[PDB]
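Written below as structure tokens is the structure these notes are about.
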Amino acid sequence: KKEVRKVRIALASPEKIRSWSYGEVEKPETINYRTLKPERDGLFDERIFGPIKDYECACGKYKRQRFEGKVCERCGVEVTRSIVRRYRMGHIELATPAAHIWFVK
Amino acid sequence: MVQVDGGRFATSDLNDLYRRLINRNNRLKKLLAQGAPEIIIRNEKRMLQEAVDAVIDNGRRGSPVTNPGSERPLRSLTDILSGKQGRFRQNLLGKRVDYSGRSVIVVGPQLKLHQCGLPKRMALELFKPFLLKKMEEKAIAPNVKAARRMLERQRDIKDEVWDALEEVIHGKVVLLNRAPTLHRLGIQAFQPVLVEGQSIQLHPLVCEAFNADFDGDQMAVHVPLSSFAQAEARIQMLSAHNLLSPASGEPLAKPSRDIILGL
Amino acid sequence: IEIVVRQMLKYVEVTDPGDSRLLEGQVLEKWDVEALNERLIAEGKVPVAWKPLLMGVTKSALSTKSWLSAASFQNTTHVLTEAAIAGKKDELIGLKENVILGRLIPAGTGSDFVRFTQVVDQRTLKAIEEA
Amino acid sequence: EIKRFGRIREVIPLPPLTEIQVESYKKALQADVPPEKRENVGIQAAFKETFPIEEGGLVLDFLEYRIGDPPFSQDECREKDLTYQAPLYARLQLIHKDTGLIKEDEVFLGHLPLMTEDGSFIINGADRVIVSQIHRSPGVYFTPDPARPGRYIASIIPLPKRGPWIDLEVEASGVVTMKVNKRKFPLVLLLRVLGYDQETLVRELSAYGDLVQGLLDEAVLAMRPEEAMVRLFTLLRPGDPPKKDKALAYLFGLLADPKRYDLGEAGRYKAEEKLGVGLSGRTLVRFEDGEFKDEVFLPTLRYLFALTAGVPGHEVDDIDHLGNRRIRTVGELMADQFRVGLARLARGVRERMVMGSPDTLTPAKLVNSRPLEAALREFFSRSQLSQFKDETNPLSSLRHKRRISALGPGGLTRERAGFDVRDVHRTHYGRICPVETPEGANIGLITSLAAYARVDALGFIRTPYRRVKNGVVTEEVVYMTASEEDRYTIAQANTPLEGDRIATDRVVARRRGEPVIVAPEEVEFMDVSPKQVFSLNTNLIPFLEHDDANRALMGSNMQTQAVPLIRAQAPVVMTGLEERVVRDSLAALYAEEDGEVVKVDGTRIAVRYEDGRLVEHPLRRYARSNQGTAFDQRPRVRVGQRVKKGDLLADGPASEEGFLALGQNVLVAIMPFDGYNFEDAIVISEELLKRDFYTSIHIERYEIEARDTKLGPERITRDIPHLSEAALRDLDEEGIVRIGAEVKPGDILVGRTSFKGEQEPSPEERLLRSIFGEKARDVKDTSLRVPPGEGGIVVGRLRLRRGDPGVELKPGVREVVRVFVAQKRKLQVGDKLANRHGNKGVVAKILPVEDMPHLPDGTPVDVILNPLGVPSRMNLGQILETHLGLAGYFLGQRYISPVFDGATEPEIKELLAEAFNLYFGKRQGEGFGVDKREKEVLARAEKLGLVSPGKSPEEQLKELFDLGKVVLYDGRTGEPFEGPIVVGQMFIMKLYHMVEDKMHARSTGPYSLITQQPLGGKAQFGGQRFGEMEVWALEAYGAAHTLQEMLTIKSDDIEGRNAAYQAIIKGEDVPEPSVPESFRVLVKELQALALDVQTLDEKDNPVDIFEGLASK
Amino acid sequence: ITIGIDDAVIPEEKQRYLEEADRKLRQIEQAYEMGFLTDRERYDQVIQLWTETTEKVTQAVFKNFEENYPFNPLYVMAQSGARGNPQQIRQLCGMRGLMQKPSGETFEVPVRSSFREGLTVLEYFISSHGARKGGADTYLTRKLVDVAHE
Amino acid sequence: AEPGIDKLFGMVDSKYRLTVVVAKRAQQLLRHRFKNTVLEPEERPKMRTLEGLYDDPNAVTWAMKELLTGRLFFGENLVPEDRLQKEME
Amino acid sequence: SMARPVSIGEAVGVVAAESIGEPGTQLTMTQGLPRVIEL
Amino acid sequence: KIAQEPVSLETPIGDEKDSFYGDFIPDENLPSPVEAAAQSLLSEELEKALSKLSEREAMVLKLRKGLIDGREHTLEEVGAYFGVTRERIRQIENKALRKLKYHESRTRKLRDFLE
Ligand SMILES: [Mg+2]
Ligand SMILES: [Zn+2]
């Protein structure tokens, strides 16, 4: 409703970075070599970044609009618009801290 | 990450950067749990820092990480923002636009100052969504989907739908642009008149402002969609409302060439 | 020409910071240190002392206050680090700033001076005056 | 009936117009030369430099190399899309020096691309030409010192990657240093290594003043050459410890190694010719009996000391002087990249020796074809000197083969192009055309070889002159370089001659390109022709003397762009080069020998020659050129016609009876016309369309692949799921369109089906099919349709199926189908017309023959040209052509008016007078006097003073007619135009129309993957580029919503463009995007860098630009 | 209105003007062999000679138009401002003039021919030096937009 | 095209305020399918066509035509925002 | 361009830049365009 | 075929530094504006078509075709919903269809959308 009039940029704390994240990418896998579906804890997982199909989870139990907002019991995927995959972020939880190179070099 | 023609996959460099970071971070985790000696832990922590700042700014420190079989550095998050192809230059440098066309230009002296000659085919495509709606309102087709099937699958354009196109065009203006756009008069708004042929017909009095020459020059057409876009195209961009130079205040749409010759 | 030449000296170098957070030698825009010093005199505090600066059009454009516009030049990284460190707010005053964001430009029909104008007819003006 | 003007008669013809391409590649391959007798140049010198290599003893050597035979003809190479090449073998023997073992065999090294007869190549089925390159010739040069106004510096330069640049400078101290690889050191330090003592260095060099005293260093002149060599090694190579075996190895490879330093064979001639010495071998120094022996350093130091002293006979070398620039032709450009692929095969041999069984290794498993194959393929496919052949018309291809480029690998770049090299040097005269060059960023960079110009063996351009001894011209011609040209006084070609002896007492001549009047006793050479100064295209412009060079440049360029016409005519007024151009372009067909014609039809011409052989000549019919123009040959002989050798048999495209026919001869009227010819626009008569004048045939190829998708194989079939019987009528049994059918945009050319990728039909899709009783197919229509704006009738078909003989195809592709479509394009509004004088114009108005201005006898003009396009452009040659065309119109004759030696103004007025008697006389014989409208015009022409007062109406009409002007009636009113109007015949061409120049129009189409911006597709055009300068314009207007639409809804805003399309579809005003997509991506890409980007509103509170989408 | 070759009418005072220029030309070569002039100010007296002689024939072209052929097409197009300037009309009727060599300092011998009578090969080639210079000669807005857009 | 454009530039202090007024009023015309017009039937802009003279479908043309009648009021903060469209439908 | 008092909202900054830079390709006939950049 | 690694979308095209591979690849998965509108017009025109039926007739068809929850309910589940037999549901379904076919033969709104 309100109209953006200023844009501020500042540092992001770990808890703020985790606030942006819909989940932790725990594995280097991307898509299955056969099904070509996303892997369960990888960089394209729908359980965190969002569904690939509109209002249709990954198993197919809920696949209509009236179910919008529902997270699937055995998928872990919210039925909603697939457009969220351009916007929803994940994160990587480092074992030891690493320095942001911008503020170093 | 998508498969293109031929079945082969095409992906973004950022994925392999993330993938190299996740691999090293996971190895550090199961090395801390195994209780590894410090020389090993220090090595994974070095490689971890070298994995993170490669995601951030690959190449800045150390040799850039590359894919097997190439010397090309992988594109980092900084290369996504910085540079000529970066996000901070993307909006400034302009874009390809929908609802636009192009054609060689022709003199069309019968035009009024506020008019241009638009080929019927080009108009039918430039205003296609508008034409679909008015084909429905005039009972030419049951609905918008049926009107689209008519235009796409017929090749026979009845006089009924040329009248329909004439009604959506009524009052509207298109933008005419000849490159290079050196001042604002390089873009001007005209009311389109449907014309036989394949060429845009350009009023001769605006040729000075465009620096237009009928020796093969081409111009672009753009249709402003919204009413705001139409209103400001008609009020402040119409050719007949921009007669004087913004640089000097002297007349810019003025008699020229044969016009002076006869008078 | 006068509009452009005025931009060639819209920045100033601080000589005596006075009671501001500014430092000596820090370069900033005249229109800011004017807006700053008229808050300081109102607060009763000491205003900033500055000397006029002369920059070419190129150097003048690089030195802009907006971080969005400044980032659209070649040193985006340096611009962004110093802006995030400072928590800088881009006020979106110029045209380049908003084009980068994709925001309606502050000129013409996008100007605050004319943008909010309303239009009503007599019937709906009476029907709403009943409210 | 064709009259030729001119006093000059050329004693020699043009050279073989393609000898810069043909003779170069022939000299490099040496195919018909036995490998025993090959001249050690070109493609063999690449072996004899690479071989023999030795480094566990191995000595591979070079014996023979042989060309294979082409596996495929040129036509089926173009059809298959395969490079026209022959296999290259070589006899390599391995010598075990410690054992004495010998092993010979012949090994495959790579495929060598072959040149055609006209002088081009076929790469991946595409015709392709390799343009020549201009670069700085090697040798030694002397230029004035920039930072020292007193003296000059010397520079020894070899071939590139063939030695380092060497400079010799005299310092402010007075000592003479030497600059090599960013190092500086006195000259005597190297001179000591060369075996010179101070006693020799003085006596032969003492005469130049105090200059030797700057060379003497007694400390260095005291040490032996042994320790001076190491003293040298320490200075320029101060990295490794200065061991004397490494110091010797370094200087040997740097200056003495012929395989690591090879100053050019032309540069050696230059050095020998400049310094006045004698050099055997191409190195600066030798290495005999253990010590270095000088070759170049002493002569070049003598020349530098001599020039600094001021002795005559010594000068500074001009940088642009065409004696100091040379030409890298086709063979040199290929053989250079050949030895590069050998130097990479050298590594492929060297490293294969440390491994394996070093005792017995065949050179078959020691050498691979992959290195050399990938080297030549990079050259012919990627080098900027190798670009798509321009075969718009025969003249286009002939010109493209004669281009000289300063760009390319090892050449210049446009930013560092500057102006020195872009300019016309005085040495260009007779060697490089001063007018033919691109308009745009490549001005002066890419040029064209002059007409008579030839490139010699060393790579230098020459031009012929006629030797004259004591005011008498000889039949002896001499081709001289630019250096040899400066030596003599050379007279102009138009000097008056009394039958091979000079007449005038004042001769116009040149001395080093300087206009100088001279006596017939001072002249020793004379120009061959005015034609030798200009290129082919420029020599095709009649009355060139009356055209300013800027528009004449355009006149030269646009003849390359003229499309071949169906009724193509040779010009009414010609220059005399029109026949020879079609001769050397190899587009027409001629008799191999004397003989008689026995068969003539559209497809073949059979003739029986003297030697008794019967030869049938196939005529290429409606073949597709690189630019889609129809290459078509037509017979020009009758049955039983007895022909001589070289006699014409068939006309090629753009040729009429063997004369270059780039357009049509049309009756033109020079006058304004209601603004339809405003600012170069052109008015034409519909009669041009009725007679099919300016009608051209263009053939476009289309292609579709049937691939192996993991979802299942694509299929070429007539069984297309949801399609009507009508939309399939012209599809044959197997789904591809029949030959002869007319195809309009959208029609199916090749039918194809692709598996859908099994997914649930939507519930709406399920209910839809349940209503109409249709069961869903498992396959979707992906057939090849014809793009918008294109069409014609199908003339060709071609199918290549995997698993069938002779053909191999890309992996995963089952088969490819190609369809060829042709269309007749008649002149239309928008088409671009031009004459040889640089006049340009777009057809703006096609007018009914009734509205056209016409003569009293009812004859209408064909085209109306505005005179306002003439005065500021200063090309009066088109006016002279129109006057000469008026005469030849009623006289029924053509003319030849050579450049700078053509028709005079009095000769034209005489023809105009002879023509008026015919035209007006025929009118009196039919019984008609002077019209009352003509007398109305004659009255005003007297008021202004265009006719003489007192004369009769017929005489005043004649005074107008020899002024080139006629009375003209307006076809709209019958009234005459108030002033007389110059009409006549003008040669006008229709210029080529690129695919991206046709009318485009998009509403909605595909969008790119990473950036969401409009993208061209098979069914839709791409969007127009709305760049930053247009952003400024809309900002200048203050049109914010217009600019906001361009940057968001009309481009990369996914939600915005979908919402806007639906709004228009439902008659609603398009809404504004609440938060554009470029905003959203910027924030997430910044959040990816761990930067908190806060979007605040009026009171600084957070606005969430992601509405329940990414908010958690 | 039309253009024929005779509409680029040459004044008869052009022949007199350039034979006066030759009179003054050898008059300067005479004063150079005497020693009154160095090579430089001799060259500068040649350049000024052909500079004002070029202006002489330019005035002669237009004065002949104004006084004898007031409705000539070339003269009408130029006076009204329809097409052409006096420098272009001069090269059509009078003399193309004094040329400029790749170095920059002007040529001594000018081209006396107009475009109607036709240039010689030497006149045409020497003019290509300057014609290409104008073509090669034939950013700031961006820097100004950057600095002043707000 | 746009007759009376000079008179329209006089009704406003800034040419761009005119565009906002014309555009916003034209949006209201489209939303209500020209029912909320302030024009009498004889001054409704027409479109010359066979089968009769229909109303001009161009909302920007109507808005400029209405503005020339003075029968419209325009200004900033002239009425509450929410109450505007809520009471106009 | 209108021969009247400028309207509020006119982007005179961009307009000035266009007015100055547009003839930049006509500074030929002397210091010329390099002088303008020098200034 | 599986052995080959993927191509980089950032593979540069040509010597010009202003274009990657992915700049020329169309989005095969995102619907075009014309596609997005067509599915909405289809859902709107089917709702208007179903409004010519009784609410049970329409609800039966929407349950049988998966318009409610996304799965085609068999005759048993729909009969359980409405408390009738499999045959009674089949008659409701068949009568509702030929009513739709009748209205479709007169309006022709749904004749396209049919590929
Ligand atoms: Mg042009
Ligand atoms: Zn699920």
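Values below: every heavy atom of this structure, side chains too, minus hydrogens, waters and symmetry copies. Proteins get letters first, then strands, A, B, ... in listed order; numbering begins at 1 in each.
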Greatest number of heavy atom pairs closer than 4.5 Å to chain B - which of [options]:
options	result
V829(D), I1065(D), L1047(D)	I1065(D)
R1025(D), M1029(D), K832(D), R1057(D)	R1025(D)
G746(D), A681(D), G841(D), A1039(D)	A1039(D)
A1088(D), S1003(D), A727(D), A834(D)	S1003(D)
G1067(D), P1014(D), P788(D), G675(D)	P1014(D)
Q828(D), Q1013(D), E1035(D), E705(D)	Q1013(D)

Can you confirm whether [X] sits close enough to [Y] that some side-chain heavy atom of one is under 4.5 Å from a side-chain heavy atom of the other?
X	Y	result
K95(B)	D1052(D)	yes
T1011(D)	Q90(B)	yes
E679(D)	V107(B)	no
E232(B)	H1041(D)	yes
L1082(D)	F88(B)	yes
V104(B)	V842(D)	yes
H222(B)	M1046(D)	yes

Donor-acceptor contact present, side-chain [X] to main-chain [Y], <3.5 Å:
X	Y	answer
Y1037(D)	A233(B)	no
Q236(B)	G1038(D)	yes
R184(B)	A1036(D)	yes

At a heavy-atom separation under 4.5 Å, does [X] approach chain B through its side chain, its backbone, both, or neither?
X	result
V1081(D)	side chain
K998(D)	backbone
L868(D)	side chain
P745(D)	both
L1009(D)	side chain
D1069(D)	side chain
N866(D)	side chain
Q1024(D)	both
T709(D)	neither

Heavy-atom distance under 4.5 Å to chain D: side chain of [X], backbone, both or neither?
X	result
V223(B)	backbone
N91(B)	both
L77(B)	both
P246(B)	neither
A10(B)	neither
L14(B)	neither
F127(B)	neither
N242(B)	side chain
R102(B)	both

Return the option, out of [options], with the maximum number of heavy-atom pairs under 4.5 Å with chain D.
options	value
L93(B), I105(B), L132(B)	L93(B)
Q3(B), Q230(B), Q218(B)	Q218(B)
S12(B), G94(B), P109(B)	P109(B)

What's the separation between atom [atom1] in [X] and atom [atom2] in [Y], rounded to the nearest 0.5 Å?
X	Y	atom1	atom2	result
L175(B)	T1042(D)	CG	OG1	6.5 Å
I1064(D)	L225(B)	CD1	CG	5.0 Å
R1002(D)	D98(B)	CZ	CG	5.0 Å
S1008(D)	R96(B)	OG	CZ	11.0 Å
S1051(D)	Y99(B)	OG	OH	12.5 Å
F1026(D)	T181(B)	CZ	OG1	7.5 Å

TODO: Write down the atom of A1001(D), the atom of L126(B), and the distance for their closest heavy-atom approach.
DONE: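 The pair with the smallest heavy-atom distance is CB-CD1, 3.7 Å.
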- [ ] Please check if atom CD in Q110(B) has more than 12 non-hydrogen atoms from other residues, nucleotides or ligands closer than 6.0 Å.
- [x]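 For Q110(B), atom CD is crowded (more than 12 foreign heavy atoms under 6.0 Å).
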Open item on the list: Are more than 12 heavy atoms, taken from residues, nucleotides or ligands other than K254(B), located less than 6.0 Å from that residue's NZ atom?
Closed with: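 Yes - once you tally the heavy atoms of other residues, nucleotides and ligands closer than 6.0 Å, there are more than 12.
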Task: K840(D)/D215(B) ion pair, N-O < 4.0 Å - done: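 So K840(D) pairs with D215(B) through a salt bridge.
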- [ ] Could you tell me whether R707(D) and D5(B) have a side-chain N and a carboxylate O separated by less than 4.0 Å?
- [x]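 Yes.
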Open item on the list: For residues 193-205 of chain B, give me every residue with a non-hydrogen atom less than 4.5 Å from any non-hydrogen atom of chain D.
Closed with: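 Result: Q198(B), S199(B), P204(B).
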- [ ] Answer yes or no for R257(B) and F678(D): cation-pi contact, defined as NZ/CZ to six-membered ring centre under 6.0 Å and angle to ring axis within 45°.
- [x]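 So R257(B) doesn't make the cation-pi contact.
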Task: Test item: side-chain donor near acceptor, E1045(D) and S226(B), under 3.5 Å - done: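 Side-chain D/A pair, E1045(D) to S226(B): present.
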Task: Between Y676(D) and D258(B), a side-chain donor and acceptor under 3.5 Å - done: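 Their side chains do not contain a donor-acceptor pair, so the 3.5 Å distance test is not met.
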Open item on the list: Between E1085(D) and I80(B), is the side-chain contact (heavy atoms from CB on, under 4.5 Å) condition met? List the steps.
Closed with: CA-CA 8 Å; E1085(D) 290 174 348; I80(B) 283 180; 3.5 Å; yes
